[PDB]
Each structure stands twice: as C-alpha cells, then as structure tokens.
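To begin, one chain is listed below as structure tokens, in the form deposited in one PDB entry.
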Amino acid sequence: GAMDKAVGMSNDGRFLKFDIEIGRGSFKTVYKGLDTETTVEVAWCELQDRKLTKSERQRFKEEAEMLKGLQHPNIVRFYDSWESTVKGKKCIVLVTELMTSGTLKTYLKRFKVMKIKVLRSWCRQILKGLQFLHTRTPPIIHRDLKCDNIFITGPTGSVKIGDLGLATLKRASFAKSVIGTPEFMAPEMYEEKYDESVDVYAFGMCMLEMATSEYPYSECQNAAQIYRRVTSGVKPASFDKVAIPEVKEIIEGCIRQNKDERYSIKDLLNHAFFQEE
C-alpha cells in the first residue's frame, strides 16, 4: 500500500516521502513522510512556488540552519530542508514534526467554545514557547503567530507553535509581498519594523480568538479596512464579546497600539489569571 511506495527521499536516505497528501494551502503542500533513522513519521512539505530567486533560496538556507538547531516541547520541530529538482524548477522541501490533531482554530470549530481551564493551559504553553524564543542569543521573533499555525497533540494534550522562521519565505512566495495575516499584525509591522512585542500583540489576538471563537476584525470588509483601524487604534469588535474580565484585561494589555505600553511576557506569566493553578 501507501506506506510501501516511497516516492522521494532526502540525499542521505534519512527522510522518505509517501504519496499521501495530508493538506494543502497557498504556500505549502504537506505529505506524510518517514524518518528512517528514528522510525517516526514526519511531515514532508513542498513549497508551491517553484520560481523563487536564487537570493530568496539562499537566505532561506541560512534560516533553515538556525531552525534545525532549535528545539522546545512547545515548538513544532524543524528537521531539515533542501531544494529538490522537480520538472523545470527548484522545489523547496521542509521536513517537520507531524501534527496529527490539527490546530487551535480547528479545535474551536469542533468544540465551539474553549473552557477557561483549557484556555489558561494552552495560553500558558504558547507563552513558554515564545519566552524560550525571545530569550535565545540572539532572540528569535516568530512574526506570524496565529491560531491557524498553533497545533495540538490531542484535544486534552499540549500546544506547539508552528511556522517558526517561514515569514520571510512566505513574503517572497509568488513575489506577492504578503507581510503576515492582517488580523494578527501589530500596527508597526506595516512600517516594516518588528521587535519582540509583535509576538505579544499576536498572542493577544490569539487569546481573543480562543476566548470568543471568532476571527478578529471579521466585521471588516477587507484588509485595507483592517489596516486603517489597527493603525488608528480601533480594536476589533470582538473585544467587547470577551466574557472573562481577567482575560479581557490581558488582551487589552497585549494589543495596545504603542508597542512600549504592551505587557512583557514575564508580566503575562505572573498574571493572576495564569499564575493561579
């Protein structure tokens, strides 16, 4: 069967690809693969864009080297990446930990609401992962945090942050200058700046999504209206639907327009909402 047809391999024979398509987006196709060295299944991802400039691919090679030496139990593990030659163009392959239980976003669609104990636990694990990344030397900023790339190991398991280090390549992809997902992007990111606090802003919106089970700014007609609102400090309408005042208050501190007024991650971890139990 399916697991007997290895239709691709890394140069070393470590990773094998099976013709089992497990998902597809506009950036990436994901296939089930095998790590022959540990026997664990992995996610073998193939980038849709086969016309990235030499310079884009070179920069990503340097990025993948750093990603390959980072590990934390709340971060989806990055194993390797290389360029395969498929047809007429350089197809980039990434191999990552296989996540078998979907995302926070699909969890919210399935269960409709998140219980406040589950919220607290998962938000705390996201915060530990970000805090790990922010305290490396040098610091690593994710830049593209959202509910869609936060994975779970099971409905009562643990959270892993996905897509670390792919924001530059996602921007290059199809030469479209996509900077991120408007709903989660701090105001300063449209001026081409980022610091650690963009991740605090995005964490705040993830928390807003988990507390309300709706996408932030779903009232907005398009990304332009979101841009205008965020860069004048107009909150998403869902902020007033937040039912737990402590939660509301954390979200408020995370999404402040002025980056310097936002909570630090350490502030967040010591908050009574998280520090309790």
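Position 1 is the first residue in the sequence shown; the rest follow in order. Basically, rigid core = biggest C-alpha set you can superpose within 1.5 Å across the two forms.
Beyond the structure shown, there is the form deposited in another entry, which is absent from this document and is the topic of what follows.
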**Request:** Can you spot, among 135, 177, 156, 101, the one with a CA shift of 2 Å or more between the shown form and the other one after core superposition?
**Result:** 177
**Request:** Return yes or no for residue 36: a CA shift of at least 2 Å between the shown form and the other one, with the rigid core superposed?
**Result:** no
**Asked** Using the core for the fit, does the CA position of residue 48 change by 2 Å or more between the shown form and the other one?
**Response** yes
**Asked** Taking the rigid core as the frame, does residue 90 move its C-alpha by 2 Å or more between the shown form and the other one?
**Response** yes
**Prompt:** Any idea whether residue 84 and residue 176 get closer or farther by CA distance in that other deposited form, knowing it moves 3 angstroms or more?
**Reply:** farther
**Message:** Between the shown chain and the other structure, the Cα gap of residue 174 to residue 46 differs by 3 Å or more. Is it closer or farther in that other deposited form?
**Reply:** farther
